[PDB]
Amino acid sequence: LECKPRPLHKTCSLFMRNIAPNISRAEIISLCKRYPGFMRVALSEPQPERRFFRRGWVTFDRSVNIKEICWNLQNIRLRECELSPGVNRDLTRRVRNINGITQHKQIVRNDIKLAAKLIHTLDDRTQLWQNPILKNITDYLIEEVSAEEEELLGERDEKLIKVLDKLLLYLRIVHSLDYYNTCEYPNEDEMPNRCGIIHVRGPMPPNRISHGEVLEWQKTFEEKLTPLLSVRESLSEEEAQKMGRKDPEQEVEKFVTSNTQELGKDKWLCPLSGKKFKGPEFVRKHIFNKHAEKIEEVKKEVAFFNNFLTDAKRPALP
Amino acid sequence: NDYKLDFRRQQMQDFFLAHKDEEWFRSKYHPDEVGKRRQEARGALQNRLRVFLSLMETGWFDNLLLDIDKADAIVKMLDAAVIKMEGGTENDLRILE
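What counts as what
Residues numbered from 1 in each chain as written, not as in the entry; some residues may be left out. Chains lettered and ligands numbered in written order. Heavy atoms only, no water. Helix = DSSP H or I, 4+ residues; strand = E, 2+ residues; numbered from the N terminus. Rg over C-alpha atoms; globule rule 2.2 N^0.38 Å. Buried < 20%, exposed > 50% of the residue type's maximum accessible area, 1.4 Å probe, protein only. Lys, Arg positive; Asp, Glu negative; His and termini not counted. Charge placed at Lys NZ, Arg CZ, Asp CG, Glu CD. Contact = heavy atoms within 4.5 Å. Areas by Shrake-Rupley, 256 points an atom, 1.4 Å probe, with all protein chains shown as cover.

- Listed as the method for this PDB entry is X-ray crystallography; the listed resolution is 3.22 Å.

Here's what the structure looks like:
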């Protein structure tokens, strides 16, 4: 005799409109963990237009009364930010159609190439695994024709579509990349619905599919997909030096000389330990050997600053 | 004597000092949190990979295309994926029937 089935796909949740960037996930988790049937918290990417404020989503079990939980958290501030949540209702329209030209042979044949490159790049980017769905994938891209038979004597294609679906379903289920819409949903795994909206081919064009219009769709569609495989931008070696890229070993040397303070003649007290020494060479040996935890943190602080400084597509105010 | 370079640099320096301790900023650039969040992100993606391969071999993509004719079948497949993502056995899928 077997146990009851669990409807895990259904989960009710809260929605907080404005969360300050000074608030961490742990503060929101610890706030909502005291309520029964807590699952997980999601936070959107902070937008510079709203002074880097995020949108929250606290997910719960479907068994619990979300309306009473929403009421209890109504007038509760965190640090100094009123959370003031509302009940997030379920997704109404999850299968959204697009233009019906995407079931044409030439677009389907082109989309197999593009979808394959999206998988090839993202599997190397995230570093999984080789992917078995891409075995002999270029064999479907090449055309097979009876050209010799025509020379002497003188629409929907289901085989290609079955191949494409496996790639698009992989992209959407694994990498959370909705292919036909041309967009990622990066936080989905934390969000209330783990696999929400998917985009789907249209019914069929009522008129003839034009000869040049097929080429215009392919040009416009790859233009929409190009930002999805965007490698993170970095400034040049000269431009980073102008903005002031801190050298790791030089900045560590500044940390040593600042801590190596001279109390008097033959008296070199450092404030890190609080122990006297006879010369500054002995204080350097003390800092490098004994306080090896601190010199690592100085190198982390410089890398932390340099990673922010190097990134050309930098988070800054509008 | 470039004003623009000094302005962009001072804005950048004032930004780093202001958003130093914040968790969103630490997650993007601080080596320890970038290492921890990427390993957490990879583990979640490896879980989703098993769900896809489970839906492959079980046959939830067996006779299912991405067309609005089969809009009802896609929603059922999507719910089947989320159940498997949450650690749902084959018994747990029966509520979809």
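Looking at the overall build of chain A
Logical step 1: A count of helices and strands for chain A gives 11 helices and 10 strands.
Logical step 2: Taking 2.2 N^0.38 as the reference for a compact globule, 318 residues should give roughly 20 Å; the C-alpha atoms of chain A span a radius of gyration of 29 Å, well beyond that estimate.
Logical step 3: For the C-alpha atoms alone, the extent of chain A along its principal axes is close to 105 × 60 × 50 Å.
Logical step 4: Counting the 318 residues in chain A, one finds 40% classified as buried.
Logical step 5: The average position of the 54 basic charges and that of the 48 acidic charges among the side chains of chain A differ by 9 Å.

Remarks on the overall build of chain B
Logical step 1: What chain B contains, in helices and strands, is four helices and zero strands.
Logical step 2: Secondary structure of chain B in N-to-C order comes out as α-α-α-α.
Logical step 3: Here chain B has a C-alpha radius of gyration of 23 Å; the compact-globule value for 97 residues is 13 Å, and the former is much larger.
Logical step 4: With the C-alpha coordinates aligned to their principal axes, the bounding extent of chain B is approximately 70 × 30 × 20 Å.
Logical step 5: Counting the 97 residues in chain B, one finds 41% classified as buried.
Logical step 6: Pairs at least 24 apart in sequence give 29% of the contacts found in chain B among residues at least 6 apart.
Logical step 7: Accessible area of chain B: about 5700 Å², with a carbon and sulfur share of 45%.
Logical step 8: For chain B, the distance from the average site of its 16 positive side-chain charges to the average site of its 19 negative ones is 7 Å.

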